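Structural overview for review
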Amino acid sequence: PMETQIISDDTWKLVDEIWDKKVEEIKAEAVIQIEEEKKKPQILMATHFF
Amino acid sequence: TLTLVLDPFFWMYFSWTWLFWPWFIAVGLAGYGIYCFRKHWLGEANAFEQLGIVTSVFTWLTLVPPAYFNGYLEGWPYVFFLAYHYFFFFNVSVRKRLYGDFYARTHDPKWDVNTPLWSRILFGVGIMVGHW
């Protein structure tokens, strides 16, 4: 063999960071995806006049 | 119920109290308005209840002041009562046109101007004292 090591051990840490970030975002968004309580129109926005 | 319906004196006194009809709706709208206003303070009021609060305020500020202190309306009170309804409806109309709906967009909490509540009720009381 003539082949010594290649691209890095640092960009592997970068792609591992990206993988972990996306994995945690998916894990979080799979649990707290739906919490809807109410949607009342603010047809009396008091800061405009009062 | 049947002895009340066929009662002559009950109907005659009913007609006696039929004499005072315009002031009953004017006072029951106050009760309906305060009920809807407590509900809106709690936060589950539909838009109909909000416009109902608006209508009750406009009736007892531009229909009632010359309905009690004169006993009768002709001329200005109807015109200015509808003029208030017309004047409240630009922040509502513009914010249905240049928006999807009246739904509150998430925004910066320090942008909205807030004032101590005693000052607000002092302003309101002064405004009613001026109008009456």
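Residues numbered from 1 in each chain as written, not as in the entry; some residues may be left out. Chains lettered and ligands numbered in written order. Part of a larger assembly, values for the part shown. Heavy atoms only, no water.

As deposited, the entry is annotated with cryo-EM as its determination method and 3.3 Å as its resolution.

1. Describing the overall build of chain A
A tally of helices and strands in chain A yields one helix and zero strands. Relative to its length of 50 residues, chain A is extended, with a C-alpha radius of gyration of 25 Å against a globular reference of 10 Å. Out of the 50 residues belonging to chain A, those deemed buried represent 8%. Summed over its atoms, the accessible surface of chain A is roughly 5000 Å², and 62% of this surface lies on carbon and sulfur atoms. Side-chain charges of chain A comprise 7 positive and 12 negative groups, with the mean position of each set lying 12 Å from the other. (Helix = DSSP H or I, 4+ residues; strand = E, 2+ residues; numbered from the N terminus. Rg over C-alpha atoms; globule rule 2.2 N^0.38 Å. Buried < 20%, exposed > 50% of the residue type's maximum accessible area, 1.4 Å probe, protein only. Areas by Shrake-Rupley, 256 points an atom, 1.4 Å probe, with all protein chains shown as cover. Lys, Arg positive; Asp, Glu negative; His and termini not counted. Charge placed at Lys NZ, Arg CZ, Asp CG, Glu CD.)

2. Here's the deal with the nonpolar core
Counting residues in hydrophobic clusters, the biggest one holds nine residues: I43 and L44 of chain A together with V54, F58, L63, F81, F88, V92 and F102 of chain B. Elements with a contribution of two residues or more to this core: helix 4 (47–62) and helix 6 (76–88) of chain B. Apart from the residues lying within four places of it in its own chain, the contact partners of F58 of chain B are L63, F81, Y84, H85 and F88 of chain B. (Core = buried A, V, L, I, M, F, W, Y, C linked by side-chain atoms within 4.5 Å. Contact = heavy atoms within 4.5 Å.)

3. Notes on the side chain of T62 of chain B
Residues and elements named next belong to chain B. Relative to the assigned elements, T62 resides in helix 4. We classify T62 as buried; its relative accessible area is 11%. There is a polar contact of 2.3 Å between the side chain of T62 and the backbone oxygen of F58. Among all residues touching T62, those that are not within four sequence positions of it are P77, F80, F81 and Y84. (Polar contact = N/O pair within 3.5 Å; in protein donor to acceptor, adjacent residues only side chain to side chain.)

4. Quick look at the packing of aromatic side chains
All names here are of chain B. Scanning the model with the defined rule gives 14 aromatic pairs over all chains in all. Considering the side-chain rings of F88 and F89, the 5.2 Å spacing of their centres and the 45° angle between planes classify their relative orientation as tilted. Classification of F88 as buried rests on a relative accessible area of 11%. Judged by its relative accessible area of 34%, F89 is partly exposed. Linked through ring pairs, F10, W11, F14 and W18 together constitute an aromatic cluster. Just above the ring of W111 sits the side chain of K110; from NZ or CZ to the centre is 5.3 Å. (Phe/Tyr/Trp six-rings, centres within 6.5 Å; stacked < 30°, edge-to-face > 60°. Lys NZ or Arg CZ within 6 Å of the ring centre and 35° of its normal.)

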